[PDB]
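Going in written order, the chains are labelled A, B, C, D, E and F, and every chain counts its residues from 1.
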């Protein structure tokens, strides 16, 4: 038995990136660079255990150096725990196999050679993990972990209806995605943000659109909204920045700043 | 089936470099520097699919150690930054500038190496790819890509007469090139531009002349015009600059400035 | 015969780290970095000899320089060498049973940040600065080398008093509670120090309870947290290199702020 | 078949260095820093006598040896070749900037240092290009257009070699040449010797037996510009300093 | 025949370090750093000591560049009741040095080592285990330099006539060494002095208590050498730089001589006028 | 046959350093740092051909081995093969050690072990440079007429060397001079007493060469830079020539 996904607290940005990829695997996978390592392996297992069967969904790990495990990985999840030194070309093929049919998930180690700029831009979204800063939230996690370690089944049962409610929303979102439309004016202003961010190519334009539709589908709507784009654009474009080294500005803050201007958002 | 060449939008400078080399392979090949994406590989496949049957053969040569007998074809070196055997690169340049005849195309990695003035001056033209900055154009490109991915054959058919029209223009330009002449005054003012740019050698003089003749041939003319030279001279000379490091001036902008002065464009 | 633990003078911070681990080994071990005129080899030997009999005495096992892979105390004299592979395996035996103790050399390879965070506490040894104490250590040391048995007898009842306190602390540890407000303020200190993960939260809580148990109390006190929090978090700092501040001094500074500890200015 | 030597335009300084070495190989070879590989074969094809053979060193008595990249092939191999020269064959070397600038102890041992500057006259650049393609299209009609000029220069080379033993330099000139070497702080007396051997070879080339101030003028930059010991505090061109000191010592208005 | 120890001029600080180790070998050896009469002084000290028996002359053992435990019978045993000179202890780093410091920290000996600057400073963990740090400064008195040279040629020409000229001084110094060894057990250091010695070590931020011990063993040995049984402030003054200057942990912001820093702090703590 | 020693012009400092070592080999050899190409190997051959009895010059190559006396040993590049082979040669010096080196420098610890440091500067007088070259080709064309032109001067110099060697035991230096020599070494911060000894041995050898048995202040003057300039411990904050510093301190101490 694995820690229930709906009980993981304090990782909202990473749970969003994983949920949107389950809804639209053509987003291109998630690169998880949480320099603060905490709840990385167990979150991805919780999400696999949460998905419905169609045979149960299978999660595959990227260990060893097999040249070629994409066999048992179709219509599933593939986790490469340390893709910071995993060959050099095998990474290229997996990023293609995810953008045309599985959920690519990658993790890295800080100070071991930060993702080479040619292989990180091909990742759909870039989710960073920062350890929870709210004190009473940190206490709740610790109190939850020992409470789970002592009595797994009373814990998993406590979240049983919340897991099923989220399980149905994933299915509904997958079913509704074909009807989800984004207005032309929004689709254009998304590209304006990609241009003003000096994104290398059009992949950033493509992922933001696929992500915004997948989020709107998740929330049971068929028209992409300005707020829908707001919640996915940092995940999609912050690792696609081409900023001058003379700038001390946060990448995620640069995308939010440019997004708010182009769309005219007052916070 | 491959994305049609005549549908590629926003890469005009590179499509020009590729078309001129297809018309006169003795130009010396194309070095493609710029955005990694923007389908550099797929444009060259599209151009191969467009050429007439004399089908033309497209060569990969990816990370190898000595695939070079496809004469009157195209050779794409995706990462000629990792041909640490410079001797492989050097022979491919001279053979491209003669019949040993093929269209050399190479791509490289910025900030990794190579690009050494000895390994860059021998490329005929230097085509730079800048990703489109106009928002509605980016949307149009994206809307075209999946439209091709969902229905390849209806997309290729929409461009079928334009593909055949461009195919006839390539053959015509190849056939007309022998009579294309350049005025002596232009030929001298071109050399004045190469000298005033302090280009290393006379190869820049040679490529600019061959490019201007090929462009006029493409457009069904037999007299090279100042506008013909205008459209090729940056492709030919910007990677042949010997500018002082004290200059914050764009290389391509330097070539345009000196061309305008020597020829007197106002 | 071994030098008696209750006779060691001038290592209070390190003796505290060892005693609390003996009381609660799930704290995660002690990393001993510092000076050489102490004898981390004989203080740990003294602590094994001080513990109660296990049925023979508790076994102290030493790991020499050339050491290949292969309820007591394990002393790893040089955990700088013996690459991450061997070091990783030992940390598993700890955490959630033996007291891991490691020592290191300065300038022989800085604390590997990923393998140092997994040590429970970080005790630094500073050689005694009080002149009359330095004389006392030397006079005691030669006095022990000439007549071990007369020396150990001078400290035999004090060894038994400390031995009973250790057992009492272990027996009482299950009833030891920490107030919710303290538990949250401990996590607030961990957050304000930007600690990597929640491991710092857990050992500080386990350490404060073990100290309160050592002193025969069942309620963790602000002062109880004060005496263990530097041992627990100073090697868990992520401070900017632009700061010339001592790590242990940074933990005390943030601890006093979060808990609001100030000196009464008496007339 | 090779492009004729007498048709090469715009390389006068390098053609002078090569002709003088062919006349007196004891000068010590040429360091060449637009296609010098064919210029040296053009010179090989031009010499008399079986025909002289030009040898390439990619990894030869009484001929020509061209070391294309004397920056690589470490001092060990380079040292050995310089012995064959000096006080007999024509050593020719070229070098690459940024590839291991020729060690200062290994560059001084070359007789002359000829620099190639690409032609700046527009109508000349056009003429060179038309000459290359005209040669590629019809080599033999090209070589024939230059056949009598090739034979004329071939006779001058033979005569110059035959006349060199009688060529003399005035004592006052020979001393002022040494003053130029001393005022330049040259490493040793090799500059005094090469400038003397070069001035005599040039005078012999022109059918004369007395070295002239003008003869020295035309050879002294080739001989001394790579032998300078100037302070790095000088933004002054090396070749211009040699002319400047030459003009002072000899008194050229 | 070897140059007589009592004739060596201008090495006073090193002669003091060597004599005290001969008097109390538990001091821990001498590290000789400085200008480059080093190999010849130690043999003279070996030649000066009184002739010993097999097991209840003193033997000098050297060590060339090649060690690799080709000493552990070998060479470690020939140093029994003798002296071991390590000519270049800045090379053969790590293990070989650690083993020798252990063998002198079945044969006990006076460890003496010399090193080369710029070719490696002995790793600070293995230099602190040397008892004392004696530096050799070449004599600056001109008329003294002439005497040293003139003594060298005078000895090279007539060894035996030279040794006789110093023979009674050798016997007097030999008797003082034996007496000092015999008197060492009674030599006491006052508690107030013993504490102020530790205060100097602390104010110098010395690594450990080894400096406290060496200064005390050295002060007693010097007082014993001079036929006294009470350590004096001047006794401590003459050994404290030998004992602590290689034990400094000084900030790199200080252009102060290490040996000179010890003198200043010693004068401060003890109140020397 | 080799170019005669007495015909070499413009190398007076190196000819002085070599002659004194031939007279008193215990001086410790010569380090020749001539930043100019002037035929260092052939001067040493010229000096060997000049000595009586015949003589023998060994020339060590770059590739030293693992193993000559009463002769001359020339180490053309004492930079290579320096770890131990250079160390071994300085120990064996009975023969006249001669070494040359190229800048871009021997171990500051292995250069102090050389007796004297003679620098070669290329002749700056124009009419002299011409004469050297004219002498070289004239010798290459007619060796025996050239060597005969210098034959008696070679014999005159040869006899002076024999006389100096034969007279050396009687050569004395005043005590006041000998102390002032040591005072110069002290103010130069010389490493050890090796500089004091060579300056004394060199001054005696020079006085013996000139047929005298009492060292003169000028005798010390002409050798002290050869002996002490490579034994300096001067601050890097000084833009002063090392050889010029020795002259400065010598002039003060002796009062010249």
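What we mean here is this: a residue touches a chain if its C-beta (ideal position, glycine included) is under 8 Å from a C-beta of that chain, and two chains touch if they have at least 3 such contacts.
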| item | value |
| --- | --- |
| Centroid-based (C-alpha) most distant chain relative to chain B | E |
| Centroid distance [mean C-alpha coordinates] between chain F and chain E, Å | 40 |
| Rounded Å distance between chain D and chain E, as computed from the means of their C-alpha atoms | 69 |
| Separation of mean Cα positions, chain E and chain B [Å, integer] | 80 |
| Junction residues of chain B - those touching two or more other chains | none |
| Pairwise touch network: line, ring, star, complete, or other | ring |
| Neighbour-by-neighbour ring order, given that chain D leads and chain F comes next | D, F, E, C, A, B |
| Interfacial residue positions of chain E with respect to chain F in the complex | 35-36, 116, 118, 138-143, 145-146, 148-149 |
| Chain C-touching residues of chain E, taken from the complex the two chains share | 125, 128, 191, 194-196, 198-199, 201-202, 206-210, 212-213, 216 |
